[PDB]
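First up is the structure itself, then whatever we jot down about it.
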Amino acid sequence: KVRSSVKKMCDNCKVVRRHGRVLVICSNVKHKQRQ
Amino acid sequence: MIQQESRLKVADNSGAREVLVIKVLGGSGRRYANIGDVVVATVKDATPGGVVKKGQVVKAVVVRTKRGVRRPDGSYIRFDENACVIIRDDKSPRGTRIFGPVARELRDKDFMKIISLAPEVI
Amino acid sequence: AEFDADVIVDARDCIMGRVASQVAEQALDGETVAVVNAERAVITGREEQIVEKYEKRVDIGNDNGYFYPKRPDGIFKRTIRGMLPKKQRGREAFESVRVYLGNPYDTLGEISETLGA
Amino acid sequence: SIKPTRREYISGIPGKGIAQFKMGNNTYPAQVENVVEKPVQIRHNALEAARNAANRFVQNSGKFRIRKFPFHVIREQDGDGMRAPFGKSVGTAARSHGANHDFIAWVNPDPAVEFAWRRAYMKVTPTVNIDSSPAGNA
Amino acid sequence: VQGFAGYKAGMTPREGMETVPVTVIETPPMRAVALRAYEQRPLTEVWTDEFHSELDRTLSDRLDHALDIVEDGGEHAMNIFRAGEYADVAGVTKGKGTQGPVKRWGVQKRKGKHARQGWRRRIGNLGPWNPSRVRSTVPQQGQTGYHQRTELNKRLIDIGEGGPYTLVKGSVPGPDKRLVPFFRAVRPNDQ
Amino acid sequence: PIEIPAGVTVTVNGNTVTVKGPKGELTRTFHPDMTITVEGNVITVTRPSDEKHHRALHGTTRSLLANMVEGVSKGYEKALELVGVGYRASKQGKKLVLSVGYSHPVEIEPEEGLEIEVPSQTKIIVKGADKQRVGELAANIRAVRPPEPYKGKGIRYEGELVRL
RNA sequence: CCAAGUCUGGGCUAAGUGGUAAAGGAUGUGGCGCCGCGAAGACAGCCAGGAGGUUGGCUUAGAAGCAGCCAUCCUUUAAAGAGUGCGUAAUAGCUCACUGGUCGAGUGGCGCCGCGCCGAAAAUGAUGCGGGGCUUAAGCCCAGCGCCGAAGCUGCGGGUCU
RNA sequence: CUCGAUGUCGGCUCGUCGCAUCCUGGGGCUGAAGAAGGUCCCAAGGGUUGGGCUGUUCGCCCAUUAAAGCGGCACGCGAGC
RNA sequence: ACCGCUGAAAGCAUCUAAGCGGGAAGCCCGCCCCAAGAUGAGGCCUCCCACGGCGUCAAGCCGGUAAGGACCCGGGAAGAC
């Protein structure tokens with residue numbers, strides 16, 4: 001969502017690279033981190 | 001047929017007389033009120049305050065138009081006049097009674113109510 | 001069909017660059033180069049963005065038009081022709097070269113095809 | 001570096017209006033602090049503020065000391081339009097000479113205050129440098 | 001010849017059950033000229049004279065079944081088109097000509113207070129100042145009447161021979177009776 | 001760094017590795033952009049990079065291989081869950097005939113290779129020959145039929161949970 | 001395209017960056033220093049208790065880590081967990097911050113960098129100057145080497161003023 | 001740049017781009033069950049209505065509607081009114 | 001966009017660089033409308049045969065072949081001409 005400025009929720013929410021892209025991931029709809 | 005401010009009498013008794021045609025009811029564009037159709041106009045004048053009253057925001061339908069209606073029966077029908085009936089959101093008349101005949105139509109687009117009240121449906 | 005044997009060449013793998021380059025080189029001077037290979041051809045990795053640029057030849061459509069060929073055949077059309085000008089010789093120099101698909105006479109097959117191949 | 005008309009004819013002799021220096025707590029060794037590298041008539045206000053919000057998030061022991069302070073100022077629109085411009089003051093600060101000793105998060109073991117200041121940098125404006133002092137930070 | 005076609009009979013409606021207007025169409029089997037194939041090399045149109053008597057005054061189903069009637073001797077009666085079907089026909093506009101941006105192209109003209117002023121018919125404008133001269137956009141008095149017109153969802157109702165002729169569902173053949181009609185039921189949707 | 005137990009006929013040509021076995025008749029591909037590894041009684045990773053990068057590159061193949069095998073011999077199995085207080089299924093035709101409202105259930109076919117099973121209407125699952133080609137299709141239906149975890153019901157990957 | 005090394009040497013790119021941008025992010029990638037250990041056989045996997053006086057103070061109608069304001073100590077023992085954590089009405093399960101068997105040889109951390117991807121959306125139609133180019137493609141950094149190219153400088157010869 | 005001169009507001013017509021998208025599809029989010037809303041990412045195809053009073057645009061009001069979009073181009077257009 | 005599968009490097013996970021799929025009124029195709037003057041003038045069938053005399057690579061001057069066309073006339077929802 002935040003497109004710009006993502007940084008680790010749940011004590012897990014991972015750091016993944018898709019299309020060089022960095023989009024938050026972690027066992028929660030409440031983390032759908034993306035930029 | 002019948003829009004902007006073309007006028008048309010009553011045949012029911014709702015307590016009216018004649019009514020100005022605001023919008024043709026249906027959805028955007030649309031430019032026409034042909035019997036069966038439903039109009040968004042008001043009172044140009046109504047009896048001595050029956051129940052309606054001059055200049056009353058309104059909702060009425062199509063039943064008399066000298067515009068001539070082509071019956072799927074390659075037939076043709078029209079009238080000496082142009083007017084219709086009021087209604088209760090629920091495509092339901094008010095006039096307790098009818099007046100000049102009308103046309104199958106109505107039925108086809110819901111209204112029986114008048115369909116039969118009518119003195120004669122042509 | 002069959003022709004001369006003047007400029008007897010082909011293509012495949014190589015670098016879709018200097019490739020044409022000389023093609024003309026002799027494209028100039030005053031020679032005819034009929035080869036072929038298209039597909040086989042070759043050109044920058046980064047396929048992806050690889051097939052992009054030339055899709056930039058793809059839908060580059062300008063009312064006034066702007067076709068932008070859709071078969072290897074072209075790719076080389078452009079490019080090459082690129083090497084030259086547009087007054088006489090050059091021009092002609094564009095009729096004097098000719099290539100084709102598989103083989104009529106004794107990564108370079110994806111962008112095309114891709115955008116038309 | 002355009003600066004003002006004089007220290008007592010235009011606008012010189014003020015308090016600049018702000019929120020004093022020291023906070024946090026002592027600490028003999030532990031060198032915990034902050035400085036910069038950017039040049040900028042440090043935005044007073046912005047300034048004053050910032051630092052403060054700093055205390056807002058911590059509270060007590062962590063040299064919430066801070067070695068800054070504006071003392072001159074700009075000016076602009078007031079009068080005719082654009083031409084012969086008189087001057088109407090507003091917004092003093094101080095030159096953050098391309099880096100230098102900012103404020104200090106100084107104390108034994110109290111990073112619970114390092115993070116703070118941290119929060120203090122975040123804020124600020126001109127980027128900022130996160131650092132330690134003689135020894136580091138413990 | 002890949003298809004089937006002839007000319008405009010005319011229009012009239014009448015009968016049915018609710019009633020419905022169509023159009024008549026003339027055409028037995030206008031013989032069979034070669035047939036489409038690009039085999040061994042380039043092949044398309046031959047001509048083993050067998051035509052009319054005057055014609056030298058000027059001297060894979062669709063096409064396939066053809067082979068059926070085009071080898072028979074030439075001609076080929078029209079009408080698979082049967083009871084309730086959708087071919088498509090391509091008339092020829094109608095020598096209507098060069099007209100004003102009026103009917104040629106829908107548009108509102110000279111309003112009132114000036115909707116007469118010995119004023120009238122004539123488009124509103126072209127292009128702005130900075131944009132650039134002109135567009136190939138806004139049509140123009142783009143002549144009409146000749147266009148190779150046609151359409152779709154062309155449903156045929158019935159047919160009979162007495163003279164091989166066809167009855168149609170809604171005419172609009174484009175061109176006029178005695179006119180050049182060609183039909184098909186292309187990528188039908190009503191299928 | 002692995003093995004090739006019983007029957008694992010192995011042929012690595014051009015870059016393709018042909019593995020023949022019991023109920024695991026399979027012909028897979030395998031990079032020429034690296035180093036093959038096979039010796040008739042084992043096999044493993046080849047270092048055509050030795051460097052972190054390609055390192056993993058095969059550090060993947062490894063598995064890759066591992067697949068061919070276990071795949072060629074003991075085919076694979078995906079455990080599915082039929083959790084629907086209305087939905088339900090039980091093979092029919094050479095495919096499956098699931099159901100879950102709407103009106104038109106659906107027939108799904110495991111093209112040559114894949115093969116589904118209706119142990120018992122409620123639950124089901126697939127047994128192919130390539131964990132790869134399996135897990136996928138296996139799921140490609142597990143969803144196919146909305147698992148909607150709004151409060152519990154639908155196709156779900158074995159070993160799920162609930163919600164609120 | 002247009003004249004001149006698809007020179008050689010050794011690094012760095014895997015985005016077409018080059019071919020405009022900032023604050024701001026992130027086990028991208030390559031090169032440098034630190035804390036703990038792998039035979040108290042180490043981090044991620046897995047077996048288990050997943051310890052007791054801890055169920056303290058404001059508010060309690062409920063702090064009793066898992067409402068929040070203050071504590072942060074003691075322990076009989078395999079050590080501890082000021083119990084960072086999903087919860088519910090507080091309690092009630094799991095999770096390492098705690099370690100045995102099984103493996104077994106490199107595993108997690110911050111400082112220093114040089115290259116690089118999100119932030120970075122526009123109006124006629126598209127853009128490195130164009131065709132174009134991914135270990136001489138070519139870019140960028142550090143090294144040696146030879147060729148181009150002004151009307152500038154040498155050779156040719158005339159001109160002309162002081 | 002133009003004063004040896006580029007005729008300026010609103011309207012009319014004829015429109016053409018653009019996307020930060022009003023309607024429209026596709027999505028992830030929700031303190032989302034349904035339904036309907038809110039949040040934000042992807043997409044411009046097509047489309048986005050009659051009146052009123054105002055020189056006006058703007059704007060308020062009337063009846064619609066899925067919707068009744070923001071803005072370019074001399075806030076497009078006078079050798080077209 | 002957006003959702004997944006198979007699995008490295010991170011012996012545990014990951015839509016992921018490589019391998020394979022899901023998914024839009026949108027792009028390409030498809031549906032109508034031109035259209036090789038696209039100087040790359042395209043295909044194909046159906047007709048016509050080697051005429052005269054002159055210096056030349058006379059690819060230059062004449063009767064021709066209704067193969068054939070035209071012009072003039074008479075006519076067309078073909079149409080300013």
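Naming works like this for the structure tokens: A, B, ... for the chains as they're shown, residue 1 at the start of each chain, ligands 1 onward in shown order.
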At a cut-off of 12 Å, list the chain A residues touching chain I, using only C-alpha atoms (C1' of nucleotides), as a ChimeraX atom specification.
-> /A:1,12-21,23-27,34
Expected file contents, prior selection, N, CA, C and O atoms, as an mmCIF file, in the first residue's frame:
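Output file part.cif follows:
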```
data_model
loop_
_atom_site.group_PDB
_atom_site.id
_atom_site.type_symbol
_atom_site.label_atom_id
_atom_site.label_comp_id
_atom_site.auth_asym_id
_atom_site.auth_seq_id
_atom_site.Cartn_x
_atom_site.Cartn_y
_atom_site.Cartn_z
ATOM 1 N N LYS A 1 0.837 -1.235 0.000
ATOM 2 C CA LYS A 1 0.000 0.000 0.000
ATOM 3 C C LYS A 1 0.857 1.265 0.000
ATOM 4 O O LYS A 1 0.843 2.036 -0.960
ATOM 5 N N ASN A 12 7.733 -10.397 12.231
ATOM 6 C CA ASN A 12 8.170 -11.313 11.184
ATOM 7 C C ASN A 12 8.122 -10.654 9.818
ATOM 8 O O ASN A 12 9.144 -10.521 9.143
ATOM 9 N N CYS A 13 6.921 -10.250 9.419
ATOM 10 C CA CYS A 13 6.727 -9.571 8.145
ATOM 11 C C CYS A 13 8.058 -9.472 7.392
ATOM 12 O O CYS A 13 8.970 -8.757 7.809
ATOM 13 N N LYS A 14 8.166 -10.195 6.282
ATOM 14 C CA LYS A 14 9.455 -10.401 5.628
ATOM 15 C C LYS A 14 9.834 -9.314 4.638
ATOM 16 O O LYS A 14 9.035 -8.437 4.320
ATOM 17 N N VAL A 15 11.071 -9.395 4.157
ATOM 18 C CA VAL A 15 11.594 -8.486 3.147
ATOM 19 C C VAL A 15 11.851 -9.252 1.849
ATOM 20 O O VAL A 15 12.872 -9.932 1.720
ATOM 21 N N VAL A 16 10.929 -9.141 0.892
ATOM 22 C CA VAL A 16 11.044 -9.863 -0.381
ATOM 23 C C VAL A 16 11.306 -8.953 -1.580
ATOM 24 O O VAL A 16 10.997 -7.761 -1.556
ATOM 25 N N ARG A 17 11.871 -9.542 -2.630
ATOM 26 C CA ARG A 17 12.261 -8.800 -3.821
ATOM 27 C C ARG A 17 11.564 -9.346 -5.065
ATOM 28 O O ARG A 17 11.936 -10.404 -5.573
ATOM 29 N N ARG A 18 10.560 -8.629 -5.559
ATOM 30 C CA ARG A 18 9.895 -9.014 -6.800
ATOM 31 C C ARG A 18 10.047 -7.905 -7.818
ATOM 32 O O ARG A 18 9.509 -6.814 -7.643
ATOM 33 N N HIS A 19 10.777 -8.184 -8.889
ATOM 34 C CA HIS A 19 11.012 -7.166 -9.889
ATOM 35 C C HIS A 19 11.944 -6.123 -9.282
ATOM 36 O O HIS A 19 11.716 -4.917 -9.402
ATOM 37 N N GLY A 20 12.999 -6.600 -8.628
ATOM 38 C CA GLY A 20 13.855 -5.735 -7.835
ATOM 39 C C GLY A 20 12.982 -5.104 -6.773
ATOM 40 O O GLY A 20 13.454 -4.729 -5.699
ATOM 41 N N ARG A 21 11.693 -5.008 -7.083
ATOM 42 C CA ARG A 21 10.708 -4.438 -6.175
ATOM 43 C C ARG A 21 10.862 -5.000 -4.769
ATOM 44 O O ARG A 21 11.301 -6.137 -4.587
ATOM 45 N N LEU A 23 8.435 -5.581 -1.532
ATOM 46 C CA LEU A 23 7.061 -5.544 -1.039
ATOM 47 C C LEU A 23 6.893 -6.407 0.208
ATOM 48 O O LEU A 23 7.059 -7.625 0.156
ATOM 49 N N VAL A 24 6.562 -5.760 1.324
ATOM 50 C CA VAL A 24 6.446 -6.423 2.626
ATOM 51 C C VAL A 24 5.595 -7.681 2.571
ATOM 52 O O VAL A 24 4.593 -7.736 1.860
ATOM 53 N N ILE A 25 5.993 -8.688 3.340
ATOM 54 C CA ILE A 25 5.216 -9.911 3.434
ATOM 55 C C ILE A 25 5.286 -10.466 4.844
ATOM 56 O O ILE A 25 6.343 -10.446 5.474
ATOM 57 N N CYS A 26 4.150 -10.950 5.336
ATOM 58 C CA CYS A 26 4.053 -11.511 6.683
ATOM 59 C C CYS A 26 2.626 -11.946 7.017
ATOM 60 O O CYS A 26 1.651 -11.354 6.556
ATOM 61 N N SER A 27 2.529 -13.006 7.810
ATOM 62 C CA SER A 27 1.269 -13.703 8.032
ATOM 63 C C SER A 27 0.079 -12.812 8.403
ATOM 64 O O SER A 27 -0.713 -13.172 9.283
ATOM 65 N N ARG A 34 3.721 -2.953 0.453
ATOM 66 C CA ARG A 34 4.114 -2.844 -0.951
ATOM 67 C C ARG A 34 4.531 -1.406 -1.271
ATOM 68 O O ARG A 34 4.138 -0.466 -0.577
#
```
Excluding same-chain residues fewer than 5 positions from region 31-38 of chain H, what lies within 12 Å of it counting only C-alpha atoms (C1' of nucleotides), as number ranges by chain?
-> F: 148-152, 164
For the selection you just gave me, I'd like the residues written to a file as an mmCIF file, in the first residue's frame, keeping N, CA, C and O atoms.
```cif
data_model
loop_
_atom_site.group_PDB
_atom_site.id
_atom_site.type_symbol
_atom_site.label_atom_id
_atom_site.label_comp_id
_atom_site.auth_asym_id
_atom_site.auth_seq_id
_atom_site.Cartn_x
_atom_site.Cartn_y
_atom_site.Cartn_z
ATOM 1 N N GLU F 148 -12.757 -19.021 0.877
ATOM 2 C CA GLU F 148 -13.342 -18.022 1.762
ATOM 3 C C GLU F 148 -13.222 -18.418 3.233
ATOM 4 O O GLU F 148 -14.003 -19.235 3.719
ATOM 5 N N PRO F 149 -12.247 -17.836 3.952
ATOM 6 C CA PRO F 149 -12.103 -18.109 5.376
ATOM 7 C C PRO F 149 -12.888 -17.137 6.259
ATOM 8 O O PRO F 149 -12.469 -16.849 7.380
ATOM 9 N N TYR F 150 -14.018 -16.638 5.761
ATOM 10 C CA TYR F 150 -14.833 -15.700 6.529
ATOM 11 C C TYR F 150 -15.260 -16.307 7.861
ATOM 12 O O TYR F 150 -15.357 -15.603 8.866
ATOM 13 N N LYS F 151 -15.509 -17.615 7.864
ATOM 14 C CA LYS F 151 -15.875 -18.322 9.093
ATOM 15 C C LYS F 151 -15.740 -19.846 9.010
ATOM 16 O O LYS F 151 -16.147 -20.557 9.930
ATOM 17 N N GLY F 152 -15.178 -20.345 7.911
ATOM 18 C CA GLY F 152 -14.838 -21.768 7.800
ATOM 19 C C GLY F 152 -15.616 -22.596 6.788
ATOM 20 O O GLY F 152 -16.706 -23.087 7.085
ATOM 21 N N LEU F 164 -12.286 -15.128 11.962
ATOM 22 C CA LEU F 164 -13.194 -14.444 12.882
ATOM 23 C C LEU F 164 -14.262 -13.651 12.135
ATOM 24 O O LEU F 164 -15.092 -12.930 12.797
#
```
DSSP-assigned alpha helix (DSSP H) members of region 13-84 of chain C, reported as a PyMOL selection string | chain C and resi 18-25+47-58+73-76+78-83
Suppose we keep C-alpha atoms; can you now write the selection as a PDB file, in the first residue's frame?
```
ATOM      1  CA  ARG C  18      28.301  -4.108 -36.265  1.00  0.00           C
ATOM      2  CA  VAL C  19      26.405  -7.022 -37.768  1.00  0.00           C
ATOM      3  CA  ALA C  20      24.360  -4.854 -40.080  1.00  0.00           C
ATOM      4  CA  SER C  21      27.111  -2.243 -39.644  1.00  0.00           C
ATOM      5  CA  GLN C  22      29.299  -3.809 -42.300  1.00  0.00           C
ATOM      6  CA  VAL C  23      26.409  -5.491 -44.025  1.00  0.00           C
ATOM      7  CA  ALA C  24      26.080  -1.929 -45.254  1.00  0.00           C
ATOM      8  CA  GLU C  25      29.741  -1.066 -45.060  1.00  0.00           C
ATOM      9  CA  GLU C  47      15.287  -9.807 -23.374  1.00  0.00           C
ATOM     10  CA  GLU C  48      12.379  -8.246 -21.526  1.00  0.00           C
ATOM     11  CA  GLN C  49      13.197  -4.551 -21.792  1.00  0.00           C
ATOM     12  CA  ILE C  50      14.757  -6.320 -24.764  1.00  0.00           C
ATOM     13  CA  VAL C  51      11.419  -6.810 -26.523  1.00  0.00           C
ATOM     14  CA  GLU C  52      10.325  -3.391 -25.228  1.00  0.00           C
ATOM     15  CA  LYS C  53      12.509  -0.959 -27.133  1.00  0.00           C
ATOM     16  CA  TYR C  54      11.435  -2.448 -30.467  1.00  0.00           C
ATOM     17  CA  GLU C  55       7.825  -2.708 -29.404  1.00  0.00           C
ATOM     18  CA  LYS C  56       8.682   0.960 -29.194  1.00  0.00           C
ATOM     19  CA  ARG C  57       8.965   0.318 -32.889  1.00  0.00           C
ATOM     20  CA  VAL C  58       5.876  -1.814 -32.262  1.00  0.00           C
ATOM     21  CA  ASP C  73      12.878  -9.161 -41.713  1.00  0.00           C
ATOM     22  CA  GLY C  74      12.397  -5.612 -40.479  1.00  0.00           C
ATOM     23  CA  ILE C  75      14.362  -5.341 -37.258  1.00  0.00           C
ATOM     24  CA  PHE C  76      17.213  -5.531 -39.729  1.00  0.00           C
ATOM     25  CA  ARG C  78      15.394  -0.377 -39.509  1.00  0.00           C
ATOM     26  CA  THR C  79      18.773  -0.783 -37.868  1.00  0.00           C
ATOM     27  CA  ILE C  80      20.773  -1.247 -41.030  1.00  0.00           C
ATOM     28  CA  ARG C  81      18.881   1.326 -43.032  1.00  0.00           C
ATOM     29  CA  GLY C  82      19.659   3.282 -39.897  1.00  0.00           C
ATOM     30  CA  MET C  83      23.341   3.078 -40.773  1.00  0.00           C
TER      31      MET C  83
END
```
Pull out every residue of chain H that has at least one atom within 9 Å of chain E, counting only C-alpha atoms (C1' of nucleotides), and report them as JSON, numbers by chain.
-> {"H": [12, 13, 14, 15, 16, 73, 74, 76, 77, 80, 81]}
What are the DSSP strand (DSSP E or B) residues of chain D, as a ChimeraX atom specification?
-> /D:32-35,41,65-66,73,92,95,101-104,129-133,136
Would you output that residue set with N, CA, C and O atoms, as a PDB file, in the first residue's frame?
```pdb
ATOM      1  N   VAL D  32      27.206   9.765  23.763  1.00  0.00           N
ATOM      2  CA  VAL D  32      26.037   9.564  22.910  1.00  0.00           C
ATOM      3  C   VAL D  32      25.537  10.908  22.383  1.00  0.00           C
ATOM      4  O   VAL D  32      25.200  11.792  23.172  1.00  0.00           O
ATOM      5  N   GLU D  33      25.468  11.063  21.062  1.00  0.00           N
ATOM      6  CA  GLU D  33      25.183  12.383  20.492  1.00  0.00           C
ATOM      7  C   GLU D  33      24.701  12.424  19.037  1.00  0.00           C
ATOM      8  O   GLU D  33      24.377  11.396  18.435  1.00  0.00           O
ATOM      9  N   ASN D  34      24.667  13.641  18.496  1.00  0.00           N
ATOM     10  CA  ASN D  34      24.177  13.915  17.150  1.00  0.00           C
ATOM     11  C   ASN D  34      24.805  15.181  16.564  1.00  0.00           C
ATOM     12  O   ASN D  34      24.949  16.193  17.251  1.00  0.00           O
ATOM     13  N   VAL D  35      25.168  15.118  15.286  1.00  0.00           N
ATOM     14  CA  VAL D  35      25.570  16.307  14.548  1.00  0.00           C
ATOM     15  C   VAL D  35      25.216  16.161  13.082  1.00  0.00           C
ATOM     16  O   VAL D  35      24.537  15.213  12.688  1.00  0.00           O
ATOM     17  N   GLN D  41      20.688  28.103   7.338  1.00  0.00           N
ATOM     18  CA  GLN D  41      20.214  29.027   8.353  1.00  0.00           C
ATOM     19  C   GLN D  41      19.193  28.297   9.227  1.00  0.00           C
ATOM     20  O   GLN D  41      18.044  28.717   9.360  1.00  0.00           O
ATOM     21  N   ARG D  65      21.379  17.579  26.009  1.00  0.00           N
ATOM     22  CA  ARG D  65      22.113  18.773  25.641  1.00  0.00           C
ATOM     23  C   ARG D  65      21.996  18.972  24.138  1.00  0.00           C
ATOM     24  O   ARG D  65      21.764  18.022  23.389  1.00  0.00           O
ATOM     25  N   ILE D  66      22.158  20.214  23.700  1.00  0.00           N
ATOM     26  CA  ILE D  66      22.022  20.554  22.295  1.00  0.00           C
ATOM     27  C   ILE D  66      22.694  21.898  22.028  1.00  0.00           C
ATOM     28  O   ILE D  66      22.300  22.920  22.589  1.00  0.00           O
ATOM     29  N   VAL D  73      18.276  36.745  10.770  1.00  0.00           N
ATOM     30  CA  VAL D  73      17.027  36.445  10.066  1.00  0.00           C
ATOM     31  C   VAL D  73      16.796  37.118   8.697  1.00  0.00           C
ATOM     32  O   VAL D  73      17.538  38.016   8.296  1.00  0.00           O
ATOM     33  N   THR D  92      14.430  33.784  12.485  1.00  0.00           N
ATOM     34  CA  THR D  92      15.864  33.761  12.755  1.00  0.00           C
ATOM     35  C   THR D  92      16.317  32.344  13.075  1.00  0.00           C
ATOM     36  O   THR D  92      15.503  31.478  13.393  1.00  0.00           O
ATOM     37  N   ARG D  95      23.689  29.517  11.309  1.00  0.00           N
ATOM     38  CA  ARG D  95      24.312  28.698  10.276  1.00  0.00           C
ATOM     39  C   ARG D  95      24.874  27.423  10.868  1.00  0.00           C
ATOM     40  O   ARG D  95      25.706  27.451  11.771  1.00  0.00           O
ATOM     41  N   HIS D 101      29.395  19.782  15.979  1.00  0.00           N
ATOM     42  CA  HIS D 101      28.822  19.300  17.229  1.00  0.00           C
ATOM     43  C   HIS D 101      27.369  19.745  17.396  1.00  0.00           C
ATOM     44  O   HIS D 101      27.104  20.878  17.800  1.00  0.00           O
ATOM     45  N   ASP D 102      26.433  18.850  17.090  1.00  0.00           N
ATOM     46  CA  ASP D 102      25.016  19.128  17.302  1.00  0.00           C
ATOM     47  C   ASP D 102      24.659  19.054  18.782  1.00  0.00           C
ATOM     48  O   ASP D 102      25.282  19.710  19.616  1.00  0.00           O
ATOM     49  N   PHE D 103      23.647  18.253  19.098  1.00  0.00           N
ATOM     50  CA  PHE D 103      23.238  18.041  20.477  1.00  0.00           C
ATOM     51  C   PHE D 103      23.757  16.689  20.935  1.00  0.00           C
ATOM     52  O   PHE D 103      24.116  15.852  20.109  1.00  0.00           O
ATOM     53  N   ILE D 104      23.804  16.474  22.245  1.00  0.00           N
ATOM     54  CA  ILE D 104      24.422  15.266  22.792  1.00  0.00           C
ATOM     55  C   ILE D 104      23.471  14.335  23.549  1.00  0.00           C
ATOM     56  O   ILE D 104      22.793  14.751  24.486  1.00  0.00           O
ATOM     57  N   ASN D 129      23.362  13.539  10.946  1.00  0.00           N
ATOM     58  CA  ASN D 129      24.289  12.436  11.096  1.00  0.00           C
ATOM     59  C   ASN D 129      24.113  11.759  12.456  1.00  0.00           C
ATOM     60  O   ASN D 129      24.154  12.425  13.492  1.00  0.00           O
ATOM     61  N   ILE D 130      23.903  10.444  12.442  1.00  0.00           N
ATOM     62  CA  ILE D 130      23.792   9.649  13.672  1.00  0.00           C
ATOM     63  C   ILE D 130      25.166   9.140  14.089  1.00  0.00           C
ATOM     64  O   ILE D 130      25.845   8.469  13.309  1.00  0.00           O
ATOM     65  N   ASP D 131      25.575   9.440  15.316  1.00  0.00           N
ATOM     66  CA  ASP D 131      26.965   9.212  15.697  1.00  0.00           C
ATOM     67  C   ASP D 131      27.190   8.965  17.184  1.00  0.00           C
ATOM     68  O   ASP D 131      26.257   9.002  17.988  1.00  0.00           O
ATOM     69  N   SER D 132      28.455   8.721  17.524  1.00  0.00           N
ATOM     70  CA  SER D 132      28.907   8.566  18.904  1.00  0.00           C
ATOM     71  C   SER D 132      30.098   9.492  19.164  1.00  0.00           C
ATOM     72  O   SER D 132      30.548  10.199  18.262  1.00  0.00           O
ATOM     73  N   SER D 133      30.610   9.477  20.393  1.00  0.00           N
ATOM     74  CA  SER D 133      31.676  10.400  20.795  1.00  0.00           C
ATOM     75  C   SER D 133      32.887   9.644  21.362  1.00  0.00           C
ATOM     76  O   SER D 133      32.905   8.412  21.364  1.00  0.00           O
ATOM     77  N   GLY D 136      32.645   6.172  21.837  1.00  0.00           N
ATOM     78  CA  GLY D 136      31.497   5.685  21.076  1.00  0.00           C
ATOM     79  C   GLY D 136      30.187   5.946  21.798  1.00  0.00           C
ATOM     80  O   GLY D 136      29.736   7.090  21.891  1.00  0.00           O
TER      81      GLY D 136
END
```
Hey, could you make a per-residue contact list for chain G against chain F with 12 Å as the cut-off, showing the nearest pair of atoms and its distance in Å to one decimal, counting only C-alpha atoms (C1' of nucleotides), sorted by chain and number, as JSON lines?
```
{"residue": "G:28", "atom": "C1'", "partner": "F:53", "partner_atom": "CA", "distance": 11.8}
{"residue": "G:29", "atom": "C1'", "partner": "F:53", "partner_atom": "CA", "distance": 10.1}
{"residue": "G:30", "atom": "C1'", "partner": "F:52", "partner_atom": "CA", "distance": 11.8}
```
Closest to residue 76 (chain B) among B:114, B:122, B:62, B:43, using only C-alpha atoms?
-> B:122
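When only C-alpha atoms (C1' of nucleotides) are used to compute distances to chain A, the closest of the residues G:48, G:150, G:23, G:90 turns out to be G:23.
Selected on chain B by distance to chain E: residues 72, 73 and 74 of chain B (within 7 Å, counting only C-alpha atoms).
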Given a cut-off of 9 Å, which residues of chain C touch chain I, counting only C-alpha atoms (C1' of nucleotides), written out as a PyMOL selection string?
-> chain C and resi 95+115-116
Once you count only C-alpha atoms (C1' of nucleotides), which residues of chain A turn out to be within 8 Å of chain G? Could you give them as an NGL selection string?
-> :A and (3-7 or 11 or 15 or 20-22 or 35)
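Of the listed residues (C:69, C:102, C:30, C:90), C:90 comes nearest to chain G; the distances count only C-alpha atoms (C1' of nucleotides).
Residue-level contact on chain D: within 10 Å of chain G, counting only C-alpha atoms (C1' of nucleotides), the set is residues 122, 125, 126 and 127 of chain D.
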Only N, CA and C atoms, please: the residues just picked out, written as an mmCIF file, in the first residue's frame.
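File produced: part.cif:
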```
data_model
loop_
_atom_site.group_PDB
_atom_site.id
_atom_site.type_symbol
_atom_site.label_atom_id
_atom_site.label_comp_id
_atom_site.auth_asym_id
_atom_site.auth_seq_id
_atom_site.Cartn_x
_atom_site.Cartn_y
_atom_site.Cartn_z
ATOM 1 N N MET D 122 15.427 11.841 12.806
ATOM 2 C CA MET D 122 14.243 11.614 11.991
ATOM 3 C C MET D 122 13.706 12.994 11.682
ATOM 4 N N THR D 125 15.546 18.210 9.854
ATOM 5 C CA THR D 125 15.293 18.703 8.510
ATOM 6 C C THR D 125 16.389 18.334 7.519
ATOM 7 N N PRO D 126 17.607 18.848 7.744
ATOM 8 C CA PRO D 126 18.710 18.739 6.797
ATOM 9 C C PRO D 126 19.444 17.406 6.849
ATOM 10 N N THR D 127 18.705 16.308 6.968
ATOM 11 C CA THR D 127 19.313 14.983 6.910
ATOM 12 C C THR D 127 19.814 14.493 8.269
#
```
